[PDB]
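Enquirer: Input: one structure, supplied below.
Quick reminder, even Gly has a Cβ in these numbers, built from the backbone with ideal geometry, and neighbours come from all protein chains shown. Each answer follows from the model by the rule given with it, or from the source it names; none is laboratory data.
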Amino acid sequence: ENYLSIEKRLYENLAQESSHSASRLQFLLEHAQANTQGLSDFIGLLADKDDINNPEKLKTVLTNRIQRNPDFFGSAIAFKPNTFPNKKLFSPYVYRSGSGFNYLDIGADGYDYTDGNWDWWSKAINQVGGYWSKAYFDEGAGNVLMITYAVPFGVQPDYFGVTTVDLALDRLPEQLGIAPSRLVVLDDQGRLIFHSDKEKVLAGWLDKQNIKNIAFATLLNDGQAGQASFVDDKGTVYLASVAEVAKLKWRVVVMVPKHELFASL
């Protein structure tokens, strides 16, 4: 079997990597979910509705929470327009900078989180259950590429805001234990969460009009775990392994150029 058996070993190793990495990613996303849910839960059930209008207090809460959870990039507490007197927009937010923790009220100095351009606010103010945004560049606030998990707080029929957790995309490869150039993450609809190239994430990465990519593209469309090769735009052939994230049905794809996989083995 000789090049057939080398190939079968290559795929088994790739399957192990993508499976372990889908796993890391699962625990990371569930940790962010659980924490955002816990914070919206506390605010909704226990919070003093005039301790909560206190930016020094919210800044302390959010700093300690980011400081205590190394994997989180940032967290916000964002209120419906006019929740409180003399403020339209109010959204304390803390994020990790390379040297500390920065703070801003997004609604004063960052952006109008309610204007429709912001998934993390618009989708999420009444899912109740919580919601992941698509990948975006957090311009004016976090100023990096991220996805965010947002959860409404209050009670029926109208909640009065969301709390959020941001995950910086630049960190996923390390958190997943895969070199950036070998990692793609797709959401459940197959849209790009993570790619080495940042203009790809923001709208492209696989030519499906290419005969060689058909099996890889079906694998992606069927939303199944599996192995397949493919070519990129420069015509480099990769061997790739796709693993599913349980429940969310996001995908982790591990791919390494074939020349390189054969050279090591």
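Enquirer: Return a yes/no flag: does segment 182-191 have any residue that is under 30 Å from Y93 (Cβ atoms), assigned to a strand (DSSP E or B) and not aliphatic (A, V, I, L, M).
Expert: No: segment 182-191 contains no residue that is under 30 Å from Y93 (Cβ atoms), assigned to a strand (DSSP E or B) and not aliphatic (A, V, I, L, M).
Enquirer: Looking at segment 138-175, which of the residues that are outside any loop (DSSP other than H, G, I, E, B), over 12 Å from the mean Cα position of the chain (by Cα) and among the hydrophobic types (A, V, I, L, M, F, W, C) is surrounded by the most Cβ atoms within 10 Å (Cβ to Cβ)?
Expert: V162
Enquirer: Separate question: Identify, from the list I52, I6, the residue that is part of a helix (DSSP H, G or I), of a type in the set (V, I, T) and farther than 21 Å from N143 by Cβ.
Expert: Details: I52 fails: part of a helix (DSSP H, G or I).
Checking each option against the conditions leaves just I6.
Enquirer: Just to be sure I understand the filter: pairs with C-beta atoms under 9 Å, separated by 6 or more residues or on different chains, first member in segment 186-202 and among the small types (G, A, S), second member assigned to a loop (DSSP other than H, G, I, E, B). Which pairs pass?
Expert: Here the result reads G190/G223, each pair linking segment 186-202 to a residue that is assigned to a loop (DSSP other than H, G, I, E, B).
Enquirer: Would you confirm whether any residue within segment 210-229 is surrounded by 13 or more Cβ atoms within 10 Å (Cβ to Cβ), under 17 Å from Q26 (Cβ atoms) and polar (S, T, N, Q)?
Expert: No - not one qualifying residue is present in segment 210-229.
Enquirer: Separate question: Kindly check whether there is at least one residue in segment 238-257 that is out of contact with any helix residue (DSSP H, G or I) (no Cβ under 6 Å at 6 or more places or on another chain), part of a loop (DSSP other than H, G, I, E, B) and buried (at least 19 other Cβ atoms within 10 Å of the Cβ).
Expert: yes
Enquirer: If I ask for residues that are surrounded by 17 or more Cβ atoms within 10 Å (Cβ to Cβ) and within 17 Å of the chain's Cα centre (by Cα), which ones from segment 176-204 would you list? Give the derivation first.
Expert: The initial filter retains those residues of segment 176-204 that are surrounded by 17 or more Cβ atoms within 10 Å (Cβ to Cβ), namely 176, 178, 182-187, 192-195, 201.
Those that are surrounded by 17 or more Cβ atoms within 10 Å (Cβ to Cβ) and within 17 Å of the chain's Cα centre (by Cα): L176, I178, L183, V184, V185, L186, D187, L192, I193, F194, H195, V201.
Enquirer: If you take the residues of segment 1-49 that are more than 23 Å from the chain's Cα centre (by Cα) and hydrophobic (A, V, I, L, M, F, W, C), which of them is farthest from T83 (Cα to Cα)?
Expert: Among those that are more than 23 Å from the chain's Cα centre (by Cα) and hydrophobic (A, V, I, L, M, F, W, C), it is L4.
Enquirer: One residue is enough: does segment 129-137 have a residue meeting the conditions farther than 20 Å from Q33 by Cβ and either among the polar types (S, T, N, Q) or not assigned by CATH to the domain that holds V201 (or both)? Break it down into steps so the answer makes sense when it comes.
Expert: Going residue by residue through segment 129-137, those that are farther than 20 Å from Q33 by Cβ are 137.
Restricting the remaining residues to those that are either among the polar types (S, T, N, Q) or not assigned by CATH to the domain that holds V201 (or both) gives 137.
Among the residues of segment 129-137, at least one is farther than 20 Å from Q33 by Cβ and either among the polar types (S, T, N, Q) or not assigned by CATH to the domain that holds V201 (or both), which makes the answer yes.
Enquirer: Could you tell me how many of the residues in segment 39-67 are farther than 16 Å from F160 by Cα, of a type outside the set (S, T, N, Q) and surrounded by fewer than 17 Cβ atoms within 10 Å (Cβ to Cβ)? Step through it out loud before you land on a result.
Expert: Going residue by residue through segment 39-67, those that are farther than 16 Å from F160 by Cα are 55-57, 59-67.
Narrowing the set further to residues that are of a type outside the set (S, T, N, Q) leaves 55-57, 59, 61-62, 65-66.
If we keep only those that are surrounded by fewer than 17 Cβ atoms within 10 Å (Cβ to Cβ) too, we end up with 55-57.
Residues meeting the conditions: 3.
Enquirer: Out of everything in segment 47-82 that is in contact with a strand residue (DSSP E or B) (Cβ under 9 Å, 6 or more places away or on another chain) and hydroxyl-bearing (S, T, Y), what residue ends up being farthest from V151 (Cα to Cα)?
Expert: Per the criteria, the residue is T63.
Enquirer: On to the next question. Of all residues being within 18 Å of the chain's Cα centre (by Cα) and part of a loop (DSSP other than H, G, I, E, B) in segment 68-96, which is surrounded by the fewest Cβ atoms within 10 Å (Cβ to Cβ)? Just the residue, please.
Expert: Within segment 68-96, the match that is surrounded by the fewest Cβ atoms within 10 Å (Cβ to Cβ) is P70.
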